[PDB]
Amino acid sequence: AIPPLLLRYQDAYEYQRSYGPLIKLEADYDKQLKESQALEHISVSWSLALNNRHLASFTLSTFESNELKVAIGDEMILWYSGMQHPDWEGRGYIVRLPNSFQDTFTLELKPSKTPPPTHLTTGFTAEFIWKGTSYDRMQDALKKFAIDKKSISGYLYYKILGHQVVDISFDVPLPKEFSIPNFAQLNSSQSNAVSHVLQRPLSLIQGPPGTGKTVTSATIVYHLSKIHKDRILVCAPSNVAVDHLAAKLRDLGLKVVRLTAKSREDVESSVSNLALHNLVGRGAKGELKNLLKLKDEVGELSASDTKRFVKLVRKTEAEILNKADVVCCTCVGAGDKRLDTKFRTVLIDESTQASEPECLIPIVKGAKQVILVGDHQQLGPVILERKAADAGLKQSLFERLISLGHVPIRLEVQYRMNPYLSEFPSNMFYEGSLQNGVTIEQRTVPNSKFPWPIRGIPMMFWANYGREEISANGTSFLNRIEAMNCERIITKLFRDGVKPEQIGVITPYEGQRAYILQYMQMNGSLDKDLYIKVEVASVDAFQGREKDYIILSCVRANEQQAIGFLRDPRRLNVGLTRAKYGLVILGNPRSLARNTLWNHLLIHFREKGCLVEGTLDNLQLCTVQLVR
């Protein structure tokens, strides 16, 4: 018996009663999924880490990459049971996760009196140890929001509840110039965004692809630091986004402290010099300096020295965190025990990629001013439990605030892609507001021999009349003709001097992803080693990233004109905004054209003279009848 998500809530108790059960549904689903994954029989490849610990690498085939919410540092148990050796168990931590090229997880085993059976390959099962920490913090944030009046200002409390209270602004000295001296100048769109935010208790910034949301966000934080003369909390749902923003803030000359979980202290990072644990280690002196050297060479500490070590580390951690201009951490990481202090100004980047309870975590620490950056036109949060997603857990705080009447300020100058590539995404998803910060000449290849339908327009929709097939799972589709055409495009790019690293292949179906990879290995015209370096993945893998060339394989083609989740406007937007120099779309226009979004795309391509069919060396205009 769960209350629906409302537009206006009577109080924060009703707010909690709505989001609370949804968090539990997600938590239970995540946990149950890993319980099932613990039953899969796996193969282990053994290796040795530099620190001389054992590494176990393996592939988990039961679930899709997005279904297993596994992070680096997560504890796991690897079990052997079989006829080649007695029963054995081994605890360790995740050191590598699957990527587009490597399908394997890597578990670094904790040292033990009994050595691991490195001579065995099969008979293993892998059980992820359930913590629940992320969901616990979300629940705590909801509860704190409901019962602690000092957790957030009264104005923000009413705004989050959907109440109508008078609008307020801060009596704050605005700077004469928003761009920072000695640094690259903001464009007028970016400058207007910094201007609009500085005196508001709550702001939403929309950052479309390639528009410079990092420099804009870092500049906002820089000014808020000078104005309030107090600590600013900076967050994002992912660790990469946090690191990107922390690096820019450090470059502006701010004292940044990057907080990582105890579990991920050994993770390789671009901002390792900002990590709290590295700041403790380096900035240590006296008794603490000695206890650190001793723990490094001995590997363990005595009972009395451990109690003394913990006390001193906490004291040092607090001193570092207090003297900081900015504290950087993930949204969930904001719930860390070490940050049980007050943060009056909060900026959340990529807030559209988190659920509302996840965003709430950094906001319930005495927040007076909140800036949410995001893009509701790009990918949203990952909600594994369909009932929870259906009930409204997919909606971020950024999107609910829009439904409540908060207009986001949009960054409108893109610097990523060729002007031809930004036209349809701009007109379709950003009300034609996107301007180009790079020219056609800046995004072109002078001596190109690639058979683009019109020279100077680096895009094409290559129609094929193939039909969708079903992969070995029965749960996925593939398109053999589109896979063949994909190889022809790549080989043609290779012949034109384009490198594999410059090319990305996006496909919604795992059947197509596997088939394209295998097909190019066996039937690729050139050396198979070239094709393996071409990234073939779904839009999720490319979210927040870019490639020089992008190939989209639509896969779907049937007499019913059914296209499944190719209907998703957000996925199409992301897939069309990843390329810098060129875009090739492979598909069957006959079935895509029934969808109104895709029909607009085909019409746009036809208006440019880019909707073609036939052989790559003798392309012809596509004959399909498109009707608006």
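When you see a residue number, it is the position in the sequence shown, counting from 1.
A summary of the deposited B-factors shows that, of 370 to 378 and 91 to 99, the stretch with the larger mean C-alpha value is 91 to 99. Looking at 616 to 624 and 13 to 21 together, the entry lists the larger mean B-factor for 616 to 624, computed on C-alpha atoms. Taking the deposited Cα B-factors for 425, 504, 209, 281, the highest one is held by 281. Highest CA B-factor among the listed residues (540, 268, 385, 546): 268.
Among the modelled residues of its chain, residue 599 has a C-alpha B-factor that falls in the middle third according to the deposited record. Annotation for residue 457: C-alpha temperature factor in the middle third relative to the rest of the modelled chain, per the entry.
Split the chain's modelled residues into thirds by C-alpha temperature factor. Residue 578 is in the lowest one. Remark: residue 587 belongs to the lowest third of its chain, ranked by C-alpha B-factor as recorded. Among the modelled residues of the chain, residue 262 sits in the highest third by CA temperature factor in this PDB entry.
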